[PDB]
file run.cif (mmCIF, C-alpha atoms)
data_final
#
loop_
_atom_site.label_atom_id
_atom_site.label_comp_id
_atom_site.auth_asym_id
_atom_site.auth_seq_id
_atom_site.Cartn_x
_atom_site.Cartn_y
_atom_site.Cartn_z
CA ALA A 1 11.73 -3.34 -5.69
CA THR A 2 9.41 -4.23 -2.81
CA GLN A 3 7.48 -7.43 -3.41
CA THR A 4 4.91 -9.43 -1.52
CA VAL A 5 4.61 -13.18 -2.01
CA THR A 6 2.53 -15.85 -0.33
CA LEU A 7 4.06 -19.25 0.21
CA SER A 8 2.38 -22.53 0.80
CA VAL A 9 4.17 -24.63 3.42
CA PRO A 10 2.51 -28.09 3.47
CA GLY A 11 4.72 -29.44 6.21
CA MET A 12 3.91 -26.73 8.73
CA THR A 13 1.87 -29.10 10.94
CA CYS A 14 3.56 -28.80 14.38
CA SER A 15 2.63 -26.03 16.81
CA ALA A 16 6.03 -24.26 16.75
CA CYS A 17 6.50 -24.79 12.94
CA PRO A 18 5.08 -21.32 12.12
CA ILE A 19 7.94 -19.86 14.09
CA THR A 20 10.48 -22.17 12.63
CA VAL A 21 9.47 -20.94 9.17
CA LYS A 22 9.18 -17.33 10.13
CA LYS A 23 12.72 -17.36 11.62
CA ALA A 24 14.21 -19.09 8.56
CA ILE A 25 12.75 -16.51 6.18
CA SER A 26 13.40 -13.49 8.31
CA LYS A 27 17.15 -14.34 8.34
CA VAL A 28 17.23 -13.84 4.51
CA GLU A 29 18.95 -10.60 3.71
CA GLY A 30 16.50 -8.29 2.00
CA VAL A 31 13.38 -9.52 3.68
CA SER A 32 11.21 -6.88 5.50
CA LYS A 33 8.30 -8.75 6.97
CA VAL A 34 7.17 -12.33 7.44
CA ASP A 35 3.79 -13.39 8.80
CA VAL A 36 2.89 -17.05 9.11
CA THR A 37 -0.47 -18.78 9.46
CA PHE A 38 -0.74 -22.24 10.93
CA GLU A 39 -4.28 -22.85 9.83
CA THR A 40 -3.61 -22.32 6.10
CA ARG A 41 0.00 -23.46 6.21
CA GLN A 42 1.22 -20.30 4.73
CA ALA A 43 3.86 -17.49 4.99
CA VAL A 44 3.41 -13.97 3.48
CA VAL A 45 6.86 -12.41 2.81
CA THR A 46 7.55 -8.81 1.94
CA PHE A 47 11.01 -8.42 0.48
CA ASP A 48 13.31 -6.52 -1.83
CA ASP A 49 13.65 -8.25 -5.19
CA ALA A 50 16.92 -6.49 -5.83
CA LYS A 51 18.32 -8.25 -2.73
CA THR A 52 16.66 -11.62 -2.85
CA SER A 53 14.07 -13.74 -4.68
CA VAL A 54 11.29 -16.26 -4.32
CA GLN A 55 13.69 -19.10 -5.02
CA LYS A 56 16.02 -17.98 -2.26
CA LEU A 57 13.02 -17.84 0.07
CA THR A 58 11.74 -21.29 -0.80
CA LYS A 59 15.35 -22.56 -0.40
CA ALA A 60 15.50 -21.06 3.08
CA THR A 61 12.25 -22.89 4.13
CA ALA A 62 13.31 -26.22 2.61
CA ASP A 63 16.64 -25.93 4.45
CA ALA A 64 14.76 -25.57 7.66
CA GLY A 65 12.73 -28.68 6.84
CA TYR A 66 9.64 -27.22 5.21
CA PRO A 67 9.85 -26.95 1.40
CA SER A 68 7.43 -24.35 -0.06
CA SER A 69 6.03 -22.93 -3.36
CA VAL A 70 3.94 -19.85 -4.35
CA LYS A 71 0.42 -20.23 -3.12
CA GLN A 72 -2.01 -21.50 -5.76
#
call {"tool": "encode", "arguments": {"input": "run.cif", "output": "structure tokens"}}
result
Amino acid sequence: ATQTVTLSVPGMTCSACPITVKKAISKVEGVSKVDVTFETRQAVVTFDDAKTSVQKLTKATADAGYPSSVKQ
């Protein structure tokens, strides 16, 4: 099933960091759409929960340098 999750990315403080994060998520098999927002240090990920999960997403971001969690 199609899911939409918002991730908080507190380390997304450098001007190209949105793209760093976007790339890292978008590479995850089963993701459909990633939009990132510098101002609110967040990424909104639409994905298939039969193919991947929030934990695999937050692992991808941490791997790239920017650990994340579900937005509060």
call {"tool": "atom_distance", "arguments": {"input": "run.cif", "atom1": "atom CA of residue A:34", "atom2": "atom CA of residue A:22"}}
result
6.0 Å
call {"tool": "resolve_selection", "arguments": {"input": "run.cif", "expression": "the PyMOL selection byres ((chain A and resi 56-69) around 6)", "output": "number ranges by chain"}}
result
A: 7-9, 11, 24, 53-55, 70
call {"tool": "atom_distance", "arguments": {"input": "run.cif", "atom1": "atom CA of residue A:10", "atom2": "atom CA of residue A:30"}}
result
24.3 Å
call {"tool": "closest_residue", "arguments": {"input": "run.cif", "among": "A:72, A:32, A:40, A:13", "to": "residue A:1", "atoms": "only C-alpha atoms"}}
result
A:32
call {"tool": "closest_residue", "arguments": {"input": "run.cif", "among": "A:36, A:5, A:50, A:45", "to": "residue A:19", "atoms": "all atoms listed in the file"}}
result
A:36
call {"tool": "atom_distance", "arguments": {"input": "run.cif", "atom1": "atom CA of residue A:4", "atom2": "atom CA of residue A:44"}}
result
6.9 Å
call {"tool": "closest_residue", "arguments": {"input": "run.cif", "among": "A:39, A:52, A:26, A:6", "to": "residue A:71", "atoms": "only C-alpha atoms"}}
result
A:6
call {"tool": "axis_aligned_box", "arguments": {"input": "run.cif", "around": "stretch 3-19 of chain A", "padding_each_side": "5 Å", "output": "lines of an AutoDock Vina configuration file"}}
result
center_x = 4.9
center_y = -18.4
center_z = 6.7
size_x = 16.1
size_y = 32.0
size_z = 30.2
call {"tool": "decode", "arguments": {"input": "run.cif", "residues": "stretch 45-70 of chain A", "atoms": "N, CA, C and O atoms", "output": "CSV table (one decimal), in the first residue's frame"}}
result
chain,number,residue,atom,x,y,z
A,45,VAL,N,7.7,11.8,1.9
A,45,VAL,CA,8.0,10.6,1.1
A,45,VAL,C,6.8,9.8,0.9
A,45,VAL,O,6.1,9.5,1.9
A,46,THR,N,6.5,9.6,-0.4
A,46,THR,CA,5.4,8.7,-0.8
A,46,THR,C,6.0,7.4,-1.3
A,46,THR,O,6.9,7.4,-2.1
A,47,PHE,N,5.5,6.3,-0.7
A,47,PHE,CA,6.2,5.0,-1.0
A,47,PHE,C,5.2,3.9,-0.8
A,47,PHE,O,4.1,4.0,-0.2
A,48,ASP,N,5.7,2.7,-1.3
A,48,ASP,CA,4.9,1.5,-1.2
A,48,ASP,C,5.3,0.6,0.0
A,48,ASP,O,6.5,0.2,-0.1
A,49,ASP,N,4.5,0.5,1.0
A,49,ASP,CA,4.8,-0.1,2.3
A,49,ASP,C,4.9,-1.7,2.2
A,49,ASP,O,5.4,-2.3,3.2
A,50,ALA,N,4.6,-2.2,1.0
A,50,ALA,CA,4.9,-3.6,0.7
A,50,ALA,C,6.3,-3.7,0.2
A,50,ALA,O,6.7,-4.9,0.1
A,51,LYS,N,6.9,-2.6,-0.2
A,51,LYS,CA,8.3,-2.7,-0.8
A,51,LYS,C,9.3,-2.1,0.1
A,51,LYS,O,10.5,-2.5,0.0
A,52,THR,N,8.9,-1.2,1.0
A,52,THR,CA,9.8,-0.6,1.9
A,52,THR,C,9.1,0.0,3.1
A,52,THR,O,7.9,-0.2,3.3
A,53,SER,N,9.9,0.6,4.0
A,53,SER,CA,9.2,1.1,5.3
A,53,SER,C,9.9,2.3,5.9
A,53,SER,O,11.0,2.7,5.4
A,54,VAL,N,9.3,2.9,6.9
A,54,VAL,CA,9.8,4.1,7.4
A,54,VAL,C,11.2,3.9,8.0
A,54,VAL,O,12.1,4.8,7.8
A,55,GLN,N,11.5,2.8,8.6
A,55,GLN,CA,12.8,2.5,9.1
A,55,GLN,C,13.9,2.4,8.0
A,55,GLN,O,15.0,2.8,8.2
A,56,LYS,N,13.5,1.8,6.8
A,56,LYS,CA,14.4,1.8,5.8
A,56,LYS,C,14.7,3.1,5.2
A,56,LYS,O,15.7,3.4,4.7
A,57,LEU,N,13.7,4.0,5.2
A,57,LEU,CA,13.9,5.4,4.8
A,57,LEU,C,14.8,6.2,5.8
A,57,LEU,O,15.7,7.0,5.4
A,58,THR,N,14.5,6.1,7.1
A,58,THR,CA,15.3,6.8,8.0
A,58,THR,C,16.8,6.2,8.0
A,58,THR,O,17.7,7.0,8.3
A,59,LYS,N,16.9,4.9,7.7
A,59,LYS,CA,18.3,4.4,7.5
A,59,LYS,C,18.9,5.0,6.3
A,59,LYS,O,20.0,5.4,6.3
A,60,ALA,N,18.2,5.1,5.2
A,60,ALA,CA,18.9,5.7,4.1
A,60,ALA,C,19.4,7.2,4.4
A,60,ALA,O,20.5,7.6,3.8
A,61,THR,N,18.6,8.0,5.1
A,61,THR,CA,19.0,9.4,5.4
A,61,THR,C,20.2,9.4,6.3
A,61,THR,O,21.2,10.1,6.1
A,62,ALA,N,20.2,8.5,7.3
A,62,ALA,CA,21.3,8.5,8.3
A,62,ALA,C,22.6,8.1,7.6
A,62,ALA,O,23.7,8.7,7.8
A,63,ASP,N,22.5,7.1,6.7
A,63,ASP,CA,23.6,6.7,5.9
A,63,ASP,C,24.3,7.8,5.1
A,63,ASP,O,25.5,8.0,5.1
A,64,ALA,N,23.4,8.7,4.6
A,64,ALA,CA,23.9,9.8,3.9
A,64,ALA,C,24.4,11.0,4.8
A,64,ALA,O,24.8,12.0,4.2
A,65,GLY,N,24.2,10.8,6.1
A,65,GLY,CA,24.7,11.8,7.0
A,65,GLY,C,23.7,12.5,7.9
A,65,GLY,O,24.1,13.2,8.8
A,66,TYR,N,22.4,12.3,7.6
A,66,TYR,CA,21.4,13.1,8.1
A,66,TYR,C,20.2,12.2,8.7
A,66,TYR,O,19.2,11.9,8.1
A,67,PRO,N,20.5,11.7,9.9
A,67,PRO,CA,19.5,10.8,10.6
A,67,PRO,C,18.1,11.5,10.7
A,67,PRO,O,18.2,12.7,10.7
A,68,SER,N,17.0,10.8,10.6
A,68,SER,CA,15.7,11.4,10.7
A,68,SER,C,14.8,10.6,11.5
A,68,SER,O,15.1,9.5,11.9
A,69,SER,N,13.6,11.1,11.8
A,69,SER,CA,12.5,10.5,12.5
A,69,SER,C,11.2,11.0,11.9
A,69,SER,O,11.2,12.0,11.2
A,70,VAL,N,10.1,10.4,12.2
A,70,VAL,CA,8.7,10.9,11.8
A,70,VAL,C,8.5,12.3,12.5
A,70,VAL,O,8.8,12.4,13.6
